[PDB]
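In the form deposited in one PDB entry, a lone chain appears below as structure tokens.
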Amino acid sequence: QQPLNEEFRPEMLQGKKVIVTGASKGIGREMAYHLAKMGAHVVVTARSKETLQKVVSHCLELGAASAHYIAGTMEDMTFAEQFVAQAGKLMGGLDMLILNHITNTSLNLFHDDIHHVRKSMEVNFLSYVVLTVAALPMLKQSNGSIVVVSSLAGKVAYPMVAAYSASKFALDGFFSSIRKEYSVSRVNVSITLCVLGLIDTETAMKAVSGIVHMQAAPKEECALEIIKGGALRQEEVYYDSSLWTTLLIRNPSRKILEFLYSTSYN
């Protein structure tokens, strides 16, 4: 996909119909707040209505054109399928789909917890695919954008996050493949893979305390960069405190192997 070769302006999100999953707290909540100041229409989701309501309250206050919430579990594919239709109904269409939610996880050595491995695949990966299917028709109509929020754990290998790593790796695998398919089918829907480092969210901070020690980037700026990358139709976003990360994490060998062997099949 070709990104919009121009500078980001907040006016790009004005009146834009956006979905934010995992938006009751952390990066999701921060993304909804950014989209509210921009005068966008937001539909937010998580399981907890109480925390979701509070987010909506601040969204309307901040100046969202409209702000709504729908609670449910991304463990349930029916909910996922329905939420998109419901969200679409409320905004009267869809421009951007931000897939951000993840199953609750902890830094632990993997032993025998297949239930968790399965849950991670269903919530962190499978549900993103169901949400993409439900939203693709509306996105085609608006020449919209799919925004996939991933991690450095979905580009390189880390211990204590095997089930998580696997789910995030699958997002790259799937989404990077449909991006190639959208190019050939001439489907004008952009796909942004967001590769994030450690962010100062309540959840991350509690999980990493004592176990891991490294700088945690601000969630406010993290969210803006995810929205920026999405609006500019960038294939990939890299966000982290360190700057070796950013530069080293890109894979030119991968892009050759992809391109210099793309035009080698009819």
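Only the largest set of C-alpha atoms that superpose within 1.5 Å between the two forms is called the rigid core. Note that residue numbering begins at 1 and tracks the sequence as displayed. Shifts are known only where both forms have a C-alpha.
There is also a form deposited in another entry; it is not shown, and the following applies to it.
Novice: Of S66, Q53, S241, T203, only one moves its C-alpha by 2 angstroms or more between the shown form and the other one once the rigid core is aligned, so tell me which.
Specialist: It is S241; the other listed residues stay below 2 Å.
Novice: Work out whether the Cα atoms of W244 and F169 come closer together or move farther apart in the other form than they are in this form, the change being 3 angstroms or more.
Specialist: Closer together, which means the C-alphas of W244 and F169 are at least 3 Å nearer in the other form.
Novice: Did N100 and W244 drift closer or farther in the other form, going by a CA distance change of 3 angstroms or more?
Specialist: They are closer; the C-alpha distance drops by 3 Å or more in the other form.
Novice: Please list the stretches that shift between the shown form and the other one, defined as three or more consecutive residues with CA displacements of 2 Å or more after core superposition.
Specialist: Segments displaced between the shown form and the other one after core fit: 211-214, 240-249.
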